[PDB]
file my_file28.cif (mmCIF, C-alpha atoms)
data_coords
loop_
_atom_site.group_PDB
_atom_site.id
_atom_site.type_symbol
_atom_site.label_atom_id
_atom_site.label_comp_id
_atom_site.auth_asym_id
_atom_site.auth_seq_id
_atom_site.Cartn_x
_atom_site.Cartn_y
_atom_site.Cartn_z
ATOM 1 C CA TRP O 209 -52.608 -10.154 -119.071
ATOM 2 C CA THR O 210 -51.367 -13.736 -118.779
ATOM 3 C CA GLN O 211 -52.196 -16.670 -116.514
ATOM 4 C CA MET O 212 -49.897 -19.454 -115.346
ATOM 5 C CA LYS O 213 -50.123 -23.237 -114.940
ATOM 6 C CA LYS O 214 -46.705 -24.450 -113.743
ATOM 7 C CA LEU O 215 -45.158 -22.972 -110.614
ATOM 8 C CA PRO O 216 -41.656 -21.563 -111.204
ATOM 9 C CA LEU O 217 -38.780 -24.002 -110.761
ATOM 10 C CA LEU O 218 -35.882 -22.542 -108.783
ATOM 11 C CA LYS O 219 -32.661 -23.028 -110.731
ATOM 12 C CA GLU O 220 -29.878 -24.729 -108.776
ATOM 13 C CA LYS O 221 -26.357 -23.324 -108.852
ATOM 14 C CA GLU O 222 -23.619 -25.829 -109.662
ATOM 15 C CA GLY O 223 -19.987 -26.025 -108.634
ATOM 16 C CA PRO O 224 -18.008 -26.739 -105.479
ATOM 17 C CA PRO O 225 -20.076 -27.205 -102.313
ATOM 18 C CA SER O 226 -20.161 -24.151 -100.079
ATOM 19 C CA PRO O 227 -18.219 -24.796 -96.847
ATOM 20 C CA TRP O 228 -19.446 -24.002 -93.350
ATOM 21 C CA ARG O 229 -18.985 -20.361 -92.326
ATOM 22 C CA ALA O 230 -20.389 -19.062 -89.035
ATOM 23 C CA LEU O 231 -19.338 -17.770 -85.629
ATOM 24 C CA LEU O 232 -19.353 -21.303 -84.171
ATOM 25 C CA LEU O 233 -19.561 -24.932 -85.338
ATOM 26 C CA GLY O 234 -23.249 -25.824 -84.912
ATOM 27 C CA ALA O 235 -24.131 -29.528 -84.822
ATOM 28 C CA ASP O 236 -20.449 -30.484 -84.542
ATOM 29 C CA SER O 237 -20.314 -28.727 -81.155
ATOM 30 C CA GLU O 238 -19.528 -30.985 -78.194
ATOM 31 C CA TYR O 239 -18.221 -30.314 -74.698
ATOM 32 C CA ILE O 240 -15.728 -31.780 -72.242
ATOM 33 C CA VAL O 241 -17.045 -32.827 -68.834
ATOM 34 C CA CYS O 242 -15.059 -31.253 -65.994
ATOM 35 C CA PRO O 243 -15.312 -31.574 -62.201
ATOM 36 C CA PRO O 244 -17.419 -28.976 -60.370
ATOM 37 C CA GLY O 245 -15.737 -25.628 -59.895
ATOM 38 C CA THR O 246 -15.263 -22.172 -61.334
ATOM 39 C CA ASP O 247 -14.177 -21.278 -64.862
ATOM 40 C CA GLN O 248 -10.536 -21.012 -63.790
ATOM 41 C CA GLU O 249 -10.547 -24.467 -62.188
ATOM 42 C CA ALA O 250 -12.013 -26.051 -65.325
ATOM 43 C CA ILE O 251 -9.517 -24.261 -67.576
ATOM 44 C CA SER O 252 -6.628 -25.337 -65.338
ATOM 45 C CA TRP O 253 -7.859 -28.941 -65.343
ATOM 46 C CA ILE O 254 -8.153 -28.956 -69.139
ATOM 47 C CA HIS O 255 -4.727 -27.376 -69.654
ATOM 48 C CA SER O 256 -2.923 -29.570 -67.106
ATOM 49 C CA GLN O 257 -4.544 -32.891 -68.130
ATOM 50 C CA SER O 258 -4.258 -32.802 -71.912
ATOM 51 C CA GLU O 259 -1.801 -32.872 -74.803
ATOM 52 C CA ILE O 260 -2.241 -31.476 -78.310
ATOM 53 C CA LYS Y 553 -1.931 -24.308 -55.492
ATOM 54 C CA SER Y 554 1.766 -23.560 -54.969
ATOM 55 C CA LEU Y 555 1.455 -23.939 -51.193
ATOM 56 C CA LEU Y 556 -0.359 -27.265 -51.524
ATOM 57 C CA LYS Y 557 2.180 -28.536 -54.060
ATOM 58 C CA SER Y 558 4.954 -27.600 -51.628
ATOM 59 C CA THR Y 559 3.261 -29.359 -48.705
ATOM 60 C CA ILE Y 560 2.114 -32.548 -50.461
ATOM 61 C CA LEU Y 561 5.228 -33.302 -52.509
ATOM 62 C CA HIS Y 562 7.620 -32.902 -49.545
ATOM 63 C CA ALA Y 563 7.168 -34.666 -46.211
ATOM 64 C CA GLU Y 564 9.755 -32.493 -44.450
ATOM 65 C CA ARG Y 565 8.062 -29.334 -45.726
ATOM 66 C CA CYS Y 566 4.703 -30.640 -44.501
ATOM 67 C CA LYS Y 567 6.172 -31.371 -41.062
ATOM 68 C CA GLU Y 568 7.740 -27.911 -40.849
ATOM 69 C CA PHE Y 569 4.517 -26.253 -42.023
ATOM 70 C CA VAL Y 570 2.394 -28.100 -39.455
ATOM 71 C CA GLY Y 571 4.861 -27.396 -36.650
ATOM 72 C CA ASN Y 572 5.132 -23.692 -37.447
ATOM 73 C CA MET Y 573 1.372 -23.396 -38.012
ATOM 74 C CA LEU Y 574 0.286 -25.149 -34.796
ATOM 75 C CA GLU Y 575 2.444 -23.512 -32.092
ATOM 76 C CA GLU Y 576 2.281 -20.008 -33.648
ATOM 77 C CA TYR Y 577 5.874 -20.202 -34.861
ATOM 78 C CA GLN Y 578 7.394 -18.118 -37.659
ATOM 79 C CA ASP Y 579 6.175 -19.585 -40.957
ATOM 80 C CA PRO Y 580 7.644 -18.292 -44.250
ATOM 81 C CA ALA Y 581 4.093 -18.497 -45.685
ATOM 82 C CA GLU Y 582 2.042 -16.815 -42.954
ATOM 83 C CA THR Y 583 0.749 -14.135 -45.336
ATOM 84 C CA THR Y 584 -0.407 -16.802 -47.797
ATOM 85 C CA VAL Y 585 -2.415 -18.621 -45.117
ATOM 86 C CA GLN Y 586 -3.906 -15.357 -43.850
ATOM 87 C CA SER Y 587 -4.914 -14.275 -47.365
ATOM 88 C CA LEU Y 588 -6.364 -17.660 -48.377
ATOM 89 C CA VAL Y 589 -8.859 -18.176 -45.521
ATOM 90 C CA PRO Y 590 -11.472 -15.523 -44.630
ATOM 91 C CA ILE Y 591 -12.064 -14.207 -41.134
ATOM 92 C CA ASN Y 592 -13.596 -17.035 -39.117
ATOM 93 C CA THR Y 593 -13.615 -18.706 -35.686
ATOM 94 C CA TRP Y 594 -12.215 -22.152 -36.505
ATOM 95 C CA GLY Y 595 -8.660 -21.727 -35.195
ATOM 96 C CA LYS Y 596 -8.687 -23.535 -31.858
ATOM 97 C CA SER Y 597 -10.907 -26.332 -33.198
ATOM 98 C CA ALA Y 598 -8.484 -26.957 -36.069
ATOM 99 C CA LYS Y 599 -5.545 -26.856 -33.650
ATOM 100 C CA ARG Y 600 -7.277 -29.434 -31.447
ATOM 101 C CA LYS Y 601 -7.908 -31.639 -34.495
ATOM 102 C CA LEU Y 602 -4.203 -31.346 -35.281
ATOM 103 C CA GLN Y 603 -3.566 -32.501 -31.708
ATOM 104 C CA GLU Y 604 -5.644 -35.668 -32.052
ATOM 105 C CA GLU Y 605 -4.203 -36.527 -35.454
ATOM 106 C CA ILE Y 606 -0.585 -36.026 -34.321
ATOM 107 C CA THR Y 607 -1.078 -37.981 -31.095
ATOM 108 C CA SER Y 608 -2.996 -40.884 -32.653
ATOM 109 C CA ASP Y 609 -0.620 -41.354 -35.617
ATOM 110 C CA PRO Y 610 2.783 -39.699 -35.086
ATOM 111 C CA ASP Y 611 3.876 -41.413 -38.334
ATOM 112 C CA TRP Y 612 1.341 -39.422 -40.378
ATOM 113 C CA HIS Y 613 3.877 -37.586 -42.541
ATOM 114 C CA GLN Y 614 4.306 -40.315 -45.151
ATOM 115 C CA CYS Y 615 0.784 -40.846 -46.548
ATOM 116 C CA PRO Y 616 -0.056 -38.024 -49.000
ATOM 117 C CA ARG Y 617 -3.734 -38.176 -47.990
ATOM 118 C CA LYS Y 618 -2.738 -37.590 -44.366
ATOM 119 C CA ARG Y 619 -0.455 -34.761 -45.489
ATOM 120 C CA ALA Y 620 -3.356 -33.145 -47.357
ATOM 121 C CA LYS Y 621 -5.682 -33.415 -44.360
ATOM 122 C CA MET Y 622 -3.031 -32.039 -41.990
ATOM 123 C CA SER Y 623 -2.235 -29.151 -44.342
ATOM 124 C CA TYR Y 624 -5.942 -28.320 -44.654
ATOM 125 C CA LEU Y 625 -6.368 -28.293 -40.874
ATOM 126 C CA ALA Y 626 -3.193 -26.239 -40.380
ATOM 127 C CA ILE Y 627 -4.226 -23.652 -42.981
ATOM 128 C CA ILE Y 628 -7.582 -23.260 -41.248
ATOM 129 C CA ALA Y 629 -5.915 -23.149 -37.814
ATOM 130 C CA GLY Y 630 -3.800 -20.055 -38.439
ATOM 131 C CA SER Y 631 -6.426 -18.035 -40.275
ATOM 132 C CA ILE Y 632 -7.511 -14.572 -39.151
ATOM 133 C CA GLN Y 633 -9.575 -15.398 -36.070
ATOM 134 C CA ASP Y 634 -12.563 -13.129 -35.503
ATOM 135 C CA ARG Y 635 -12.355 -11.115 -32.292
ATOM 136 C CA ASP Y 636 -16.052 -11.099 -31.342
ATOM 137 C CA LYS Y 637 -17.750 -14.348 -32.373
ATOM 138 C CA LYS Y 638 -17.189 -17.499 -30.337
ATOM 139 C CA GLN Y 639 -15.231 -20.455 -31.677
ATOM 140 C CA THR Y 640 -17.178 -23.098 -33.602
ATOM 141 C CA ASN Y 641 -16.437 -26.523 -35.041
ATOM 142 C CA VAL Y 642 -14.238 -26.641 -38.135
ATOM 143 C CA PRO Y 643 -16.310 -27.043 -41.328
ATOM 144 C CA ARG Y 644 -15.772 -29.976 -43.653
ATOM 145 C CA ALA Y 645 -15.156 -27.561 -46.542
ATOM 146 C CA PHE Y 646 -14.757 -23.794 -46.806
ATOM 147 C CA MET Y 647 -14.432 -21.036 -49.399
ATOM 148 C CA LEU Y 648 -11.360 -19.059 -50.431
ATOM 149 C CA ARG Y 649 -11.261 -15.278 -50.110
ATOM 150 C CA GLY Y 650 -12.530 -13.292 -53.084
ATOM 151 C CA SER Y 651 -13.247 -16.406 -55.140
ATOM 152 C CA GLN Y 652 -15.751 -19.226 -55.587
ATOM 153 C CA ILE Y 653 -13.045 -21.872 -55.090
ATOM 154 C CA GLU Y 654 -14.032 -24.505 -52.523
ATOM 155 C CA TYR Y 655 -11.393 -26.228 -50.384
ATOM 156 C CA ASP Y 656 -12.373 -29.600 -48.926
ATOM 157 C CA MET Y 657 -11.076 -31.713 -46.046
ATOM 158 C CA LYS Y 658 -11.602 -35.168 -47.567
ATOM 159 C CA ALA Y 659 -10.558 -33.751 -50.976
ATOM 160 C CA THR Y 660 -13.584 -35.249 -52.722
ATOM 161 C CA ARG Y 661 -14.222 -32.088 -54.763
ATOM 162 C CA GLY Y 662 -12.890 -28.619 -55.447
ATOM 163 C CA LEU Y 663 -9.245 -27.558 -55.359
ATOM 164 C CA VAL Y 664 -7.886 -30.952 -54.226
ATOM 165 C CA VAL Y 665 -9.256 -34.277 -55.494
ATOM 166 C CA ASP Y 666 -7.644 -37.445 -54.116
ATOM 167 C CA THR Y 667 -8.878 -40.582 -55.829
ATOM 168 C CA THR Y 668 -7.288 -43.899 -54.892
ATOM 169 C CA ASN Y 669 -5.435 -43.894 -58.220
ATOM 170 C CA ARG Y 670 -4.121 -40.312 -58.116
ATOM 171 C CA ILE Y 671 -4.119 -36.950 -56.338
ATOM 172 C CA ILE Y 672 -4.860 -33.795 -58.346
ATOM 173 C CA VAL Y 673 -4.258 -30.308 -56.929
ATOM 174 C CA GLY Y 674 -5.656 -27.332 -58.822
ATOM 175 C CA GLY Y 675 -6.512 -29.397 -61.884
ATOM 176 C CA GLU Y 676 -2.988 -30.847 -62.152
ATOM 177 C CA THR Y 677 -2.167 -34.412 -61.132
ATOM 178 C CA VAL Y 678 0.414 -33.795 -58.414
ATOM 179 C CA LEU Y 679 0.635 -37.492 -57.500
ATOM 180 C CA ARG Y 680 0.187 -40.558 -59.714
ATOM 181 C CA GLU Y 681 0.178 -43.688 -57.565
ATOM 182 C CA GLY Y 682 2.201 -46.592 -58.934
ATOM 183 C CA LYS Y 683 4.193 -44.772 -61.613
ATOM 184 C CA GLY Y 684 6.206 -41.569 -61.450
ATOM 185 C CA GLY Y 685 7.195 -41.169 -57.813
ATOM 186 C CA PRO Y 686 7.394 -37.679 -56.310
ATOM 187 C CA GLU Y 687 11.195 -37.742 -56.073
ATOM 188 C CA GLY Y 688 13.475 -37.604 -59.100
ATOM 189 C CA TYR Y 689 16.277 -39.863 -60.284
ATOM 190 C CA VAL Y 690 20.049 -40.030 -59.880
#
call {"tool": "encode", "arguments": {"input": "my_file28.cif", "output": "structure tokens"}}
result
Amino acid sequence: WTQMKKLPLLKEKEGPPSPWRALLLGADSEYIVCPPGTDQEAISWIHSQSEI
Amino acid sequence: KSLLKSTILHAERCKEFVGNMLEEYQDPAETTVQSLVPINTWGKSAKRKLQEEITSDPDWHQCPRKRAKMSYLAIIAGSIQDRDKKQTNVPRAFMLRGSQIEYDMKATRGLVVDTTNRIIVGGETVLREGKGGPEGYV
């Protein structure tokens, strides 16, 4: 039977940084403000008043 | 949206629409007007409003804001009038059939928004005041 002094140190993997992978964006999630209305009105406003 | 684009962008079309929609004439878009407005009792009130706004300003069919107000009143006027309930005053804004889309008289919110800089119908800027006139080029 043995007894310990120093708590284990978690080894850190090295290499390229792991990119973001999830269903959505997270903190980088913002929204566009649209005039009051239904979903269709907002979608129409966004599509008709924007260029990509 | 198509009906409002037709009425706003063309003064002659707006005049024809108002004339056919006020005196119960044959309008090529009667079914559209009937299907857009639910059963109500605002017909005669809207027709009367049309009367005051045609008598006071016979030159109305050049300001797009006036065209929008006249088209709104005309669309309400020829709706499916309820047989039983008595006629009431026309509401400032109403609701389209089978949808949560609000149509407004002053066009401050909903399907038509007319700011001093521009008029937007259905989320698309139909009129941009100052640049890009409604009519094309030759």
call {"tool": "resolve_selection", "arguments": {"input": "my_file28.cif", "expression": "the PyMOL selection byres ((chain Y and resi 559-567) around 12)", "output": "ChimeraX atom specification"}}
result
/Y:553-558,568-574,579-581,602,606,610-627,664,666,671-673,677-680,685-688
call {"tool": "closest_atom_pairs", "arguments": {"input": "my_file28.cif", "of": "chain Y", "to": "chain O", "cutoff": "8 Å", "atoms": "only C-alpha atoms", "output": "tab-separated table"}}
result
residue	atom	partner	partner_atom	distance
Y:652	CA	O:246	CA	6.5
Y:653	CA	O:246	CA	6.6
Y:654	CA	O:245	CA	7.6
Y:661	CA	O:244	CA	7.2
Y:662	CA	O:245	CA	6.1
Y:663	CA	O:249	CA	7.6
Y:674	CA	O:249	CA	6.6
Y:675	CA	O:253	CA	3.7
Y:676	CA	O:256	CA	5.1
Y:677	CA	O:257	CA	7.5
call {"tool": "atom_distance", "arguments": {"input": "my_file28.cif", "atom1": "CA of residue 667 in chain Y", "atom2": "CA of residue 646 in chain Y"}}
result
19.9 Å
call {"tool": "atom_distance", "arguments": {"input": "my_file28.cif", "atom1": "CA of residue 659 in chain Y", "atom2": "CA of residue 640 in chain Y"}}
result
21.4 Å
call {"tool": "atom_distance", "arguments": {"input": "my_file28.cif", "atom1": "CA of residue 597 in chain Y", "atom2": "CA of residue 585 in chain Y"}}
result
16.5 Å
call {"tool": "axis_aligned_box", "arguments": {"input": "my_file28.cif", "around": "range 240-253 of chain O", "padding_each_side": "3 Å", "output": "JSON"}}
result
{"center_x": -12.0, "center_y": -26.9, "center_z": -66.1, "size_x": 16.8, "size_y": 17.8, "size_z": 18.3}
call {"tool": "resolve_selection", "arguments": {"input": "my_file28.cif", "expression": "the PyMOL selection byres ((chain Y and resi 634) around 7)", "output": "list in words"}}
result
residues 591, 592, 593, 632, 633, 635, 636 and 637 of chain Y
call {"tool": "write_last_selection", "arguments": {"input": "my_file28.cif", "atoms": "C-alpha atoms", "output": "PDB file, in the frame of the given file"}}
result
ATOM      1  CA  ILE Y 591     -12.064 -14.207 -41.134  1.00  0.00           C
ATOM      2  CA  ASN Y 592     -13.596 -17.035 -39.117  1.00  0.00           C
ATOM      3  CA  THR Y 593     -13.615 -18.706 -35.686  1.00  0.00           C
ATOM      4  CA  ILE Y 632      -7.511 -14.572 -39.151  1.00  0.00           C
ATOM      5  CA  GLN Y 633      -9.575 -15.398 -36.070  1.00  0.00           C
ATOM      6  CA  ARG Y 635     -12.355 -11.115 -32.292  1.00  0.00           C
ATOM      7  CA  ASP Y 636     -16.052 -11.099 -31.342  1.00  0.00           C
ATOM      8  CA  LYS Y 637     -17.750 -14.348 -32.373  1.00  0.00           C
TER       9      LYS Y 637
END
call {"tool": "closest_residue", "arguments": {"input": "my_file28.cif", "among": "Y:684, Y:628, Y:588, Y:576", "to": "residue 648 in chain Y", "atoms": "all atoms listed in the file"}}
result
Y:588
call {"tool": "residues_around", "arguments": {"input": "my_file28.cif", "residues": "residue 596 in chain Y", "least_positions_apart": "4", "cutoff": "9 Å", "atoms": "all atoms listed in the file", "output": "list in words"}}
result
residues 600, 601, 629, 630, 639, 640, 641 and 642 of chain Y
call {"tool": "resolve_selection", "arguments": {"input": "my_file28.cif", "expression": "the PyMOL selection byres ((chain Y and resi 649) around 8)", "output": "PyMOL selection string"}}
result
chain Y and resi 587-590+647-648+650-651
